[PDB]
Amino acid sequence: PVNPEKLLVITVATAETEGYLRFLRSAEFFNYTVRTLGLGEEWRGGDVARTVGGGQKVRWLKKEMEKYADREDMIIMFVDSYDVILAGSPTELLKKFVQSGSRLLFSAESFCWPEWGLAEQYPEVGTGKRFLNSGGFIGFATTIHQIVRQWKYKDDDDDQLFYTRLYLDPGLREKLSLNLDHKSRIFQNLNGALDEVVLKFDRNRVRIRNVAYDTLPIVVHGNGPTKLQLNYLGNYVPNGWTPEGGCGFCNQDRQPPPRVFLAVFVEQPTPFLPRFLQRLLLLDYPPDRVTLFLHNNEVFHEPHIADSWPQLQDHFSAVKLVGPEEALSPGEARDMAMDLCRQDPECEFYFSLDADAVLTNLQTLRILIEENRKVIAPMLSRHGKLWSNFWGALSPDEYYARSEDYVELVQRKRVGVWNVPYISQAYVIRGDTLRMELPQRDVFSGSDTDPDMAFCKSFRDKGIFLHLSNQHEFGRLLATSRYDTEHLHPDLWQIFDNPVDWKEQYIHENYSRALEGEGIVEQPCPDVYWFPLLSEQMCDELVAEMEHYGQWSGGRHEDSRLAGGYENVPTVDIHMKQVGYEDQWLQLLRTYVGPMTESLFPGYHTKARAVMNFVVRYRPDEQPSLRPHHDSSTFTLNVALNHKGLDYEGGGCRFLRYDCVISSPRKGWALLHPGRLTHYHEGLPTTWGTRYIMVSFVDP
């Protein structure tokens, strides 16, 4: 049993990148001892991501090995560090190395690289990997010194070609007992074997298994174009996220804060923007520490921005607006806002927030800053769907692809902080990173590629991790796809596309409490119920939308009201049909009125059918009253729309068989009463002003 104290891991790293630090964390988890070569130096090995190179690694290793040229008692493992993680213990590693019977065991891979022509010189292997990969090897210190000392080449010559040529010397291969880990017992190279690797979970750690050979590799190498697949594995292996411990590097459970540049982007017509702008004032972060940049590309939103701007200017440390007149593209505007933070050494963090992002968590900015990442996004999801502001995987064309764990993350079955290839709509970036690592201005622009993909590719090309937190509930994404802007108040028509935000804006704030009981719903007249339904904003916008239509009812108009033996009781009204709001109002009936009716009339079941939906206008100048009648409905919904006293002086509704009067209606509240037989009712005259009400004859 070889002593683990005799094992030394050697790797090369010119900077403490996130990949190098990810490697070190995996090494410390198994109590390895690591020696890092080259931390101070500038990299002369070439563009190794692009082409051959890395000879500088062999030069540094050769110098380091002269210490141990005679140490037959020492086992040394050399691995890359930027794209490698450790998945097993030194004891298991040394056990498998002895089992191999080799004195220097190289990792194996599917491709003969760089010189494909040398594939014939390799020994035949039946089912395993045939060719050498220099990203990982392990052997006696003496044997390794005999190989690396033969290096006398350029810093940008290929390291793998150097090792391949020595391995293909049959006499040297037999002399020094050189071997390749054909079946990935120790080394797993991902390039060319992605379908062979799966995650194997345990209680408090995660490994990988090669299902082609049924092995549990020690070293995971994301060589070549498998960096993102390694990022995926590195979220779990070895202690990134575990079934019983949760994530291993997140904050989990949570004197002046850093100064922040907050950039807001309005690049399309987006619903509920006045609500978004008001929400900026509620973010829980000292506003004197926040600088606001807002780009609006939409002339539709200029009035919305103008209403909010006095409050925003009075709130934040400094504000700046770039409107549609500047004719900035989305990529140009995002480059401008980011470079404003980059060129200001007082900007410690950059917070980009798009208009379709709804932050329900007011501590979002704090939470993300505590995570101490270069780049991190909060997970935001379109309500009740899978689409969200990140991608778990990339297609070979670098377009969208679904990762194996994407649904678990979106549904928050696994929570933590995740290294992902794509983020959008909301993220926090270290200002230091913009200055020192992404100094160029063309982050979002410079090519035909879409700005938000260019942004993510710019960071991936520099080896910067894009982090995503679902550790908390942060918010949601608004649907903006088919936002019909040709209305006086377009957000009235948003009941289908954004029902959660629609409810918060237009449904009475005390509706939900009344639906659950606890003494809000009133019964002012025998079987007449009274409950809050619409918010004042809903009432004002519905009335305004009616007057904007303008074509109120007149003579020869017929409503479905029963008086005596004739249905000849009319009102000056506008039906939802004529303004194209019928489908919308019927959705409100199904969702909010239906369930309220079934609760107040136990035993009755409703699907909220209604062909008669209309707003009535009472005025002394035209039609101030409504004579006694029955409604052609099973029950009737009657919603006030303005204020008694402020907007009109006049009575409400009188139920004659009870001599009961609703004399003071409440603006947001709705009356619910039977329509036939028993509640013969009358609309008392409006004596001054204008009285608006909304009425539906439901279940006729």
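In this text, residue numbers run from 1 along the sequence as written. Here, rigid core means the biggest group of C-alpha atoms that superpose within 1.5 Å across both forms.
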By Cα RMS to this form in 8 other deposited structures of this protein after fitting the core, the stretch ranking higher of 148-156 and 271-279 is 148-156
Stretch 531-539 versus stretch 394-402: after rigid core alignment, which one is farther off in C-alpha RMS in 8 other deposited structures of this protein? 394-402
When the other PDB entries of this protein are compared, is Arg666 left blank in at least a third of them? no
State whether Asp47, though modelled here, is left unmodelled in a third or more of the other entries compared. yes
Between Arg254 and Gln255, how many deposited residues lack coordinates (none, 1 to 3, 4 to 9, 10 or more)? 4 to 9
Could you check which stretch, 180-188 or 523-531, carries the larger mean CA temperature factor in the entry? 523-531
So 575-583 or 346-354, which one's hotter by mean CA B-factor in the entry? 575-583
Quick one: which of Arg366, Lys129, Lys154, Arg103 shows the highest Cα temperature factor in the PDB entry? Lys154
From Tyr82, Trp116, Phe140, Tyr232, which pick has the Cα B-factor that tops the rest in the entry? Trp116
Assert third(CA B-factor, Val695) within chain per record equals middle
Split into thirds by Cα B-factor across the chain's modelled residues, where does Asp335 land: lowest, middle or highest? lowest
Can you tell me whether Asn296 has a C-alpha B-factor in the lowest, middle or highest third compared with the other modelled residues of the same chain? lowest
So where's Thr14 on the chain's Cα temperature factor ranking, which third? middle
Considering only modelled residues of the same chain, in which third does the CA B-factor of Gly550 rank: lowest, middle or highest? highest
